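Working notes, structure below.
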Amino acid sequence: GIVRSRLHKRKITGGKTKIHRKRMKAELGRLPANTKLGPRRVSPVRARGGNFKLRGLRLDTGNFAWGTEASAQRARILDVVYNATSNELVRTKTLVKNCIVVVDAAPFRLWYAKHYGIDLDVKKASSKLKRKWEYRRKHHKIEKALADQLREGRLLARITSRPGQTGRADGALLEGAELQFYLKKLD
Amino acid sequence: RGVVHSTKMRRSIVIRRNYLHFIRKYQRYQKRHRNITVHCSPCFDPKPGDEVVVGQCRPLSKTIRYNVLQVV
Amino acid sequence: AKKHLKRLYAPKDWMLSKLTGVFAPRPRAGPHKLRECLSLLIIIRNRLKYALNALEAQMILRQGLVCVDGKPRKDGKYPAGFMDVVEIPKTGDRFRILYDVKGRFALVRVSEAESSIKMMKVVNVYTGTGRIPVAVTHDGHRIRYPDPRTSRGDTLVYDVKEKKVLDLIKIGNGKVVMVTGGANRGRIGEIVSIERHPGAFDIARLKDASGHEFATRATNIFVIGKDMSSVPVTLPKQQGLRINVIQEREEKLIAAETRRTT
RNA sequence: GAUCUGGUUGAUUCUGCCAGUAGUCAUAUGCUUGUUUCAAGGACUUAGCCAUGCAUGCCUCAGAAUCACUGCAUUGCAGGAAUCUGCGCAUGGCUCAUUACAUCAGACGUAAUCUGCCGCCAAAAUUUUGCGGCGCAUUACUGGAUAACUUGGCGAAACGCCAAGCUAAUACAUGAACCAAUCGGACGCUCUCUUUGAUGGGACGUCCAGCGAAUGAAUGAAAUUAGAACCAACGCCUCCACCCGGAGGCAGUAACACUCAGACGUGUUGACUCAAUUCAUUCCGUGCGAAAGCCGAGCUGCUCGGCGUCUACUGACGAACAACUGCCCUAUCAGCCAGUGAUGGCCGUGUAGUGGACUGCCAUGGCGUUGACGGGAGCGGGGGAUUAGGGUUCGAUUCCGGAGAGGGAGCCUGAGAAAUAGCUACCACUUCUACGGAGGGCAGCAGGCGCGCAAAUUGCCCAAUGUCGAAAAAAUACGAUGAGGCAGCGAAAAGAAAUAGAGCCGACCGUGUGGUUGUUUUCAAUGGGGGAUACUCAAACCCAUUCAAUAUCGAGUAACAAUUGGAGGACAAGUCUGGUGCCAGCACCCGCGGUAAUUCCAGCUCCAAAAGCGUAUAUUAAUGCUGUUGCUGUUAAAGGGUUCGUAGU
RNA sequence: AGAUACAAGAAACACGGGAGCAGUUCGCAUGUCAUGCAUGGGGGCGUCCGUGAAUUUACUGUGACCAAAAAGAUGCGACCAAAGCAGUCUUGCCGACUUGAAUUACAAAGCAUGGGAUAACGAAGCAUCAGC
RNA sequence: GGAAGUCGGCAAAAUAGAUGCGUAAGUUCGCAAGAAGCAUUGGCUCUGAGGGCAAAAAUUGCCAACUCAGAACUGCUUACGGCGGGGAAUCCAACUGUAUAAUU
Ligand SMILES: [K+]
Ligand SMILES: [K+]
Ligand SMILES: [K+]
Ligand SMILES: [K+]
Ligand SMILES: [K+]
Ligand SMILES: [K+]
Ligand SMILES: [K+]
Ligand SMILES: [Mg+2]
Ligand SMILES: [Mg+2]
Ligand SMILES: [Mg+2]
Ligand SMILES: [Mg+2]
Ligand SMILES: [Mg+2]
Ligand SMILES: [Mg+2]
Ligand SMILES: [Mg+2]
Ligand SMILES: [Mg+2]
Ligand SMILES: [Mg+2]
Ligand SMILES: [Mg+2]
Ligand SMILES: [Mg+2]
Ligand SMILES: [Mg+2]
Ligand SMILES: [Mg+2]
Ligand SMILES: [Mg+2]
Ligand SMILES: [Mg+2]
Ligand SMILES: [Mg+2]
Ligand SMILES: [Mg+2]
Ligand SMILES: [Mg+2]
Ligand SMILES: [Mg+2]
Ligand SMILES: [Mg+2]
Ligand SMILES: [Mg+2]
Ligand SMILES: [Mg+2]
Ligand SMILES: [Mg+2]
Ligand SMILES: [Mg+2]
Ligand SMILES: [Mg+2]
Ligand SMILES: [Mg+2]
Ligand SMILES: [Mg+2]
Ligand SMILES: [Mg+2]
Ligand SMILES: [Mg+2]
Ligand SMILES: [Mg+2]
Ligand SMILES: [Mg+2]
Ligand SMILES: [Mg+2]
Ligand SMILES: [Mg+2]
Ligand SMILES: [Mg+2]
Ligand SMILES: [Mg+2]
Ligand SMILES: [Mg+2]
Ligand SMILES: [Mg+2]
Ligand SMILES: [Mg+2]
Ligand SMILES: [Mg+2]
Ligand SMILES: [Mg+2]
Ligand SMILES: [Mg+2]
Ligand code: NA
Ligand code: NA
Ligand code: NA
Ligand code: NA
Ligand code: NA
Ligand code: NA
Ligand code: NA
Ligand code: NA
Ligand code: NA
């Protein structure tokens with residue numbers, strides 16, 4: 001079937017290589033998963049040496065990391081907004097690595113309230129937790145773009161896992177100059 | 001080590017190695033050469049005629065197996 | 001993959017005649033490399049002469065009756081190698097596998113007290129799951145708590161009955177080593193200096209007991225003690241002293257001629 | 001052996017070829033052949049086609065017997081056909097069609113990866129069971145199935161098949177609390193204490209906290225300068241005997257608010273985003289049993305040994321990629337590569353993993369007279385032949401590497417295959433049939449047809465060398481193996497070696513009492529052969545020993561009979577005798593043959609080398625006639641019509 | 001001892017997580033709720049950072065790394081030999097601590113000497129010169 | 001079925017637009033050439049490239065015109081008009097042109 005060898009390629013001199021020997025199982029390729037967005041569906045693949053790869057088909061949730069706070073939450077993906085390969089992938093709603101998506105922001109809002117006491121149930125807390133909140137808020141600063149998105153209800157993130165190889169859709173929230181770079185494109 | 005031959009591609013250059021080959025029957029030498037394509041970082045700025053030192057790395061493209069380590 | 005081994009492809013030091021069969025027993029995976037080992041069938045049949053065929057050796061082996069590291073082995077393809085102690089309790093034989101001054105294998109008799117110790121060379125040190133440091137050995141052992149100053153090139157003395165490390169000898173100038181491979185195998189000398197050459201092979205320069213200098217790759221040396229009187233194992237007859245080929249032939253001719261007078 | 005000889009002229013000295021000569025594990029054919037040792041043997045042409053038979057299976061004390069099986073006992077002990085289960089069949093054997101940035105060799109890499117069996121090791125996650133209805137404990141006596149079997153059978157058959165009824169597990173599926181440790185993250189309408197509500201200190205309770213995997217954060221050291229002063233709270237030392245409260249200063253000082261006053265402040269490498277640790281959110285079958293396992297011993301209730309298996313980790317045996325240098329002839333092959341990847345870049349996908357390997361976008365690059373691109377012959381190497389030296393030539397073939405199983409494509413299972421005595425389809429051939437259908441793959445061993453100048457038995461055996469495996473050998477009780485070995489056939493080639501020895505007499509020889517030829521003779525020896533108390537051998541054969549140890553056959557024309565080529569020259573050996581008459585024929589070359597042939601056809605003599613010797617084709621030396629060492633160029637073949645001039649030297 | 005020349009295998013800084021106890025040379029103390037059963041000039045070692053106007057190949061000497069078979073070679077009266085790696089004798093309930101030595105293998109690659117013949121670089125001389 | 005019809009393929013049939021690839025002998029080197037030959041073509045929803053004018057300028061704002069190149073989905077009864085059949089040879093005249101108004 002599909003092969004990954006250099007036998008069918010031209011030489012740097014431009015000449016054609018005469019092929020002897022047949023195709024070996026050690027150099028096979030496989031058809032891409034083309035992961036879409038929807039209720040979860042997976043397909044096991046038996047790889048070399050035993051072991052199973054998971055093919056992602058229609059994933060819809062994952063773990064997304066707030067890098068600045070060194071935390072993560074389980075959130076639901078809402079849509080795909082950008083892709084550096086082609087607009088065709090954005091149109092067809094395909095989840096691949098480095099895709100830019102948006103998430104529901106509900107888990108991150110809840111975590112912020114229970115960690116800093118700021119709501120974008122808080123008033124019913126123990127006195128020692130209230131004292132701990134004051135310390136944490138003493139020298140912590142959030143940024144413009146993140147605070148605006150959390151109030152709105154969605155924020156942008158990029159996929160960090162490879163959905164077609166592990167069957168998981170994990171990512172990290174966008175921050176810093178990266179957030180500005182992609183906001184200007186999404187206009 | 002080699003001599004810079006062309007710097008047309010993006011972040012890539014071609015170096016040329018010149019060596020002498022010994023023919024046993026005639027007890028004499030003849031000249032040969034070989035061209036190699038390597039990857040060059042922006043921290044270096046070689047020009048044709050320069051001398052470079054390269055080191056082996058994992059396959060980076062169809063024909064690239066070396067990286068520039070020092071420009072003299 | 002491969003399961004056979006032709007006689008012409010077998011190691012030269014097994015001393016197998018080319019006119020007796022096509023095949024040789026190939027060693028299995030285990031403690032020692034394929035090209036640097038001596039299988040149990042070769043020792044029992046060809047060296048000690050206790051068996052006449054492979055069938056008779058299988059009678060001896062598949063009963064116990066032969067221990068290689070304090071444990072009986074029932075496999076005739078078990079690879080036995082450098083610094084191993086072969087015991088046959090029924091006949092009361094205890095041997096250690098060393099290298100001759102000509103680079104060939106040599107079985108030297110050892111006492112009961114000495115037969116329980118072994119010297120092993122470290123080849124790698126890494127960290128296990130519970131933050132446990134473990135050292136890997138040329139024989140293939142994995143020791144789970146070596147001394148915190150154990151390094152990659154040195155050696156440690158081991159008790160095979162009670163699995164504990166006796167002591168550790170580090171590699172440095174002025175120590176006694178044995179060459180374990182390549183054109184100098186079986187020689188014993190003192191370390192004079194080591195040239196580094198990062199990214200390539202180190203070179204060790206050694207001096208013989210008679211004052212002759214020779215060099216080899218640093219991966220071929222095996223530390224056996226800080227000085228010749230503190231070596232904890234018995235050495236072969238020649239004590240790793242290579243002599244001139246012209247002189248050696250003369251002595252061999254002088255002998256066996258005085259024997260014919262007597 | 002650092003060697004040459006015949007042919008151009010009436011004679012001479014040259015250039016130059018033709019012919020002669022020696023070898024070849026180098027093939028074939030002709031004549032001949034007594035003994036013994038050692039050996040290659042359908043590669044060349046047709047990777048052409050195949051009748052038949054055989055080539056891969058495995059059981060121990062230790063996975064599962066109610067054979068309606070057998071032998072002894074008499075409700076048991078043994079052996080156990082058949083089936084299920086576990087492992088192997090990706091090795092070995094065969095062949096050389098394809099093949100020049102390929103394969104291979106020498107040197108290096110994988111920090112870019114996978115790895116069953118083997119070695120040394122590791123393991124503290126999990127609310128189960130019984131009884132009474134959540135409580136109490138002598139808390140591990142768990143579940144359905146399915147084969148062999150019998151009961152009907154279908155079909156012409158088919159290494160074809162259906163349904164019903166039984167019953168096992170180390171097959172399959174569920175499942176285990178206390179015993180039983182340290183270690184740290186979030187909390188609370190809960191208590192208690194100290195200060196003036198405290199990022200205050202201790203308990204109490206309520207969710208997480210095992211290996212492996214995914215994402216994000218931190219750690220994964222430092223190595224370019226010396227003294228002071230204030231304010232915050234942190235640690236210590238002094239007072240005013242302590243307490244109360246209310247004063248003033250850095251002597252010492254790895255860290256750490258108790259039960260642990262040193263229970264990692266230190267991984268590795270040339271180098272790491274690697275090893276490993278902590279924190280946050282996860283894992284739905286696509287992972288994690290103490291096999292809910294099996295044998296020996298000893299003392300229902302216990303103790304000790306030998307095995308077997310799941311998961312995690314890294315050594316060995318390997319696999320797969322990458323490429324620094326090298327490898328025949330050809331220019332009457334000079335330009336090659338890009339739609340549809342050509343050279344490089346960016347984000348991805350796919351893979352066990354790197355990569356234009358592949359999708360999208362961007363730039364115009366990459367290679368070449370130091371011979372690219374195209375064509376011809378060809379599996380690569382270790383090595384063989386010929387040896388003054390330098391060289392020329394061969395290498396299908398025992399060892400190593402690669403590839404293939406009629407052609408060509410696709411794939412399942414597996415740790416490993418793009419497997420072919422595995423599967424699927426097409427093409428070309430091809431077998432049986434009741435005409436519905438079902439089969440095939442000798443470039444494995446033996447054998448057959450065809451092809452050709454050209455190549456062996458449809459043999460015996462696992463005794464040796466090894467491989468697989470539940471496996472030592474033996475005992476109620478014997479694994480397989482055309483891999484391998486042994487013999488048969490065999491003037492490919494190689495080694496040793498018979499076909500006579502010693503004398504008397506008589507007659508002769510040529511030198512001048514010795515050297516030898518002949519026929520009547522004598523007198524010892526020995527094998528080729530015939531056999532054995534026997535040796536060898538898995539058995540048989542060959543070799544070797546012997547022809548009395550009381551007791552063993554044999555040579556005289558020793559018919560037990562040497563051949564193949566030659567006798568003008570090269571080139572060793574006749575000016576012999578008949579026949580033929582430019583005929584027949586010989587002759588590698590020069591030449592011979594028309595009546596006296598040194599050459600034809602024969603007889604007799606003689607020569608070479610000999611159990612061997614001619615002939616054909618290819619190749620090495622002869623050949624300084626391919627010349628680097630080492631040729632020639634006025635007239636023998638050969639200096640460009642002359643200047644300029646780039647690459648090269 | 002400094003300067004003159006020479007030494008980046010050098011000079012000048014620094015690192016206790018640096019030298020198995022911080023290398024070589026001119027019973028008393030600390031601690032004691034402790035297994036505190038503890039602890040007490042100049043020159044070479046290791047590891048980093050600034051300093052060159054830095055020196056390199058070919059060649060040659062010596063060594064490393066390089067399957068066997070085959071080829072060259074030591075030893076042994078397989079009756080000799082082509083072979084083989086065996087075998088010998090103090091008459092052995094054995095011994096010789098038995099033997100099986102040691103070589104060559106282009107071209108490329110890798111370590112440490114030598115600097116005569118060469119080769120790769122640089123420069124084209126006011127595009128220069130800063131004295132401690 | 002495919003020239004068997006006929007003096008004779010007369011008459012009819014037949015090719016056909018555009019785009020991508022490709023193209024022989026001969027030759028006065030200009031040609032031959034649209035030589036020969038193969039493929040695509042609808043509809044619908046989208047994406048990219050190709051510009052002007054203003055401003056205290058790899059920036060921001062405003063705006064026009066219709067070409068070219070791609071992708072997903074979906075369909076066919078091959079469906080207006082208009083629009084070369086091609087090749088291998090022989091004879092004659094070099095070629096464009098003129099020329100028997102009413103049979104050449
Ligand atoms: K990439
Ligand atoms: K398997
Ligand atoms: K056997
Ligand atoms: K006559
Ligand atoms: K000549
Ligand atoms: K034409
Ligand atoms: K016209
Ligand atoms: Mg004349
Ligand atoms: Mg049994
Ligand atoms: Mg089975
Ligand atoms: Mg094979
Ligand atoms: Mg190699
Ligand atoms: Mg538990
Ligand atoms: Mg600590
Ligand atoms: Mg061929
Ligand atoms: Mg070959
Ligand atoms: Mg052939
Ligand atoms: Mg042969
Ligand atoms: Mg053959
Ligand atoms: Mg194959
Ligand atoms: Mg065939
Ligand atoms: Mg196949
Ligand atoms: Mg077959
Ligand atoms: Mg056959
Ligand atoms: Mg048995
Ligand atoms: Mg049996
Ligand atoms: Mg055979
Ligand atoms: Mg013979
Ligand atoms: Mg005869
Ligand atoms: Mg006889
Ligand atoms: Mg005659
Ligand atoms: Mg003659
Ligand atoms: Mg003569
Ligand atoms: Mg001849
Ligand atoms: Mg005559
Ligand atoms: Mg010749
Ligand atoms: Mg000559
Ligand atoms: Mg002339
Ligand atoms: Mg002239
Ligand atoms: Mg040899
Ligand atoms: Mg007609
Ligand atoms: Mg008609
Ligand atoms: Mg018409
Ligand atoms: Mg043309
Ligand atoms: Mg056209
Ligand atoms: Mg005209
Ligand atoms: Mg006209
Ligand atoms: Mg008219
Ligand atoms: Na003449
Ligand atoms: Na005989
Ligand atoms: Na005979
Ligand atoms: Na296992
Ligand atoms: Na060849
Ligand atoms: Na092979
Ligand atoms: Na087939
Ligand atoms: Na023959
Ligand atoms: Na010659």
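Atoms considered below: every heavy atom in the structure, side chains included; atoms not considered: hydrogens, waters and symmetry mates. Residue numbering restarts at 1 for every chain, and letters A, B, ... go by the order of the sequence lines.
- Donor-acceptor pairing under 3.5 Å, judged by distance alone, is present between the side chain of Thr85(A) and the base of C347(D).
- For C346(D) and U278(D), the P atoms lie 38 Å apart once the distance is rounded to whole Å.
- An OP1 or OP2 oxygen of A472(D) is reached within less than 4.0 angstrom by no side-chain nitrogen or oxygen of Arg73(C).
- Remark: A297(D) pairs with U303(D), satisfying the Watson-Crick or G-U wobble criterion at under 3.5 Å for both atom pairs.
- For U629(D), there is no paired base (Watson-Crick or G-U wobble, both distances below 3.5 Å).
- At a threshold of 4.0 angstrom between heavy atoms, the contacts of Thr68(A) with the nucleic acid are absent.
- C543(D) makes up no base pair with any nucleotide shown, lacking Watson-Crick or G-U wobble contacts both under 3.5 Å.
- One interatomic measurement links the two molecules: CD of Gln165(A) to P of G348(D), which rounds to 13 Å at whole-angstrom precision.
- Pair check for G585(D) finds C592(D); Watson-Crick or G-U wobble, both atom distances under 3.5 Å.
- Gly21(C) comes within 4.0 angstrom of the backbone, heavy atoms only, and of no base.
- Here the side chain of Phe23(C) is nearest to one of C327(D), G466(D), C121(D), namely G466(D).
- Under a stacking criterion requiring six-membered ring centres under 5.5 Å apart and planes under 30°, the adjacent bases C129(E) and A130(E) are classed as not stacked.
- For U99(D), the OP1/OP2 oxygens have no side-chain nitrogen or oxygen of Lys22(A) closer than 4.0 Å.
- Across every strand in view, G501(D) sits in a pair with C523(D) that passes the Watson-Crick or G-U test at under 3.5 angstrom.
- Distances were taken from every side-chain heavy atom of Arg65(B) (C-beta onward) to each of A323(D), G344(D), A100(D); the shortest belongs to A323(D).
- Here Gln56(B) does not reach the OP1 or OP2 of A323(D): none of its side-chain N or O atoms lies under 4.0 Å away.
- Between the side chain of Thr35(A) and the main chain of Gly56(A), a donor-acceptor pair closer than 3.5 Å is present.
- Rounded to a whole Å, the CZ atom of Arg104(C) is 11 Å from the P atom of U98(E).
- Under the 5.5 Å centre and 30° plane thresholds, the six-membered base rings of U364(D) and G365(D) are judged not to be stacked.
- Between the base of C89(E) and the side chain of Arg259(C) there is no donor-acceptor pair shorter than 3.5 Å.
- Proximity of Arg4(A) to the phosphate of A357(D): no side-chain N or O atom is located under 4.0 Å from OP1 or OP2.
- Below 30°, between 30° and 60°, or above 60°: for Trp111(A) and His115(A) the angle between ring planes is below 30°, a parallel geometry.
- Using a 4.0 Å heavy-atom cutoff across all strands shown, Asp75(C) reaches no nucleic acid atom at all.
- What separates NZ of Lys74(C) from P of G308(D) is a distance of 10 Å, to the nearest Å.
- Using the rule of two distances under 3.5 Å, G436(D) and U259(D) do not count as a Watson-Crick or G-U wobble pair.
- The bases of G441(D) and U605(D) do not line up as a Watson-Crick or G-U pair with both contact lengths under 3.5 Å.
- Here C72(D) does not sit opposite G355(D) as a base pair, Watson-Crick or G-U wobble, with both distances under 3.5 Å.
- Phosphate contact (OP1/OP2 of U113(D), side-chain N/O of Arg48(A), threshold under 4.0 Å): absent.
- The interatomic distance linking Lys25(A) (NZ) with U351(D) (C1') rounds to 10 Å, in whole Å.
- Comment: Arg217(C) does not engage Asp202(C) in a salt bridge, judged by the lack of any side-chain N to carboxylate O separation of less than 4.0 angstrom.
- Pair assignment for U215(D) gives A280(D), based on Watson-Crick or G-U wobble hydrogen-bonding distances that are each under 3.5 Å.
- Salt-bridge check for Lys237(C) with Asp100(C): failed, with every basic side-chain N at 4.0 Å or more from each acidic carboxylate O.
- Nucleotide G27(E) is matched to nothing when pairs are restricted to Watson-Crick or G-U wobble geometry with both distances under 3.5 angstrom.
- Place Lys18(C) and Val101(C) on RNA chain E by their nearest nucleotides, and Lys18(C) ends up nearer the 5' end.
- Nearest to the side-chain atoms of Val245(C) among the listed nucleotides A101(E), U98(E), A471(D) stands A101(E).
- Residue contacts shown for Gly140(C) include a base, since a base heavy atom lies under 4.0 Å away.
- A distance-only check finds no donor-acceptor pair linking the side chain of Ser6(B) to the backbone of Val14(B) [under 3.5 Å].
- With respect to the salt-bridge test (charged N to carboxylate O, under 4.0 angstrom), the residues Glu27(A) and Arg21(A) qualify.
- Across the strands present, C59(E) finds its partner in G114(E); the criterion is a Watson-Crick or G-U wobble pair with both atom distances under 3.5 angstrom.
- The 5' end of RNA chain E is approached more closely, in terms of each residue's nearest nucleotide, by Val72(B) than by the other of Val72(B) and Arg7(C).
- Here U150(D) sits opposite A164(D) as a Watson-Crick or G-U wobble pair (both hydrogen-bonding atom distances under 3.5 Å).
- Here the separation of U56(D) from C77(D), taken at their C1' atoms, is 37 Å to the nearest Å.
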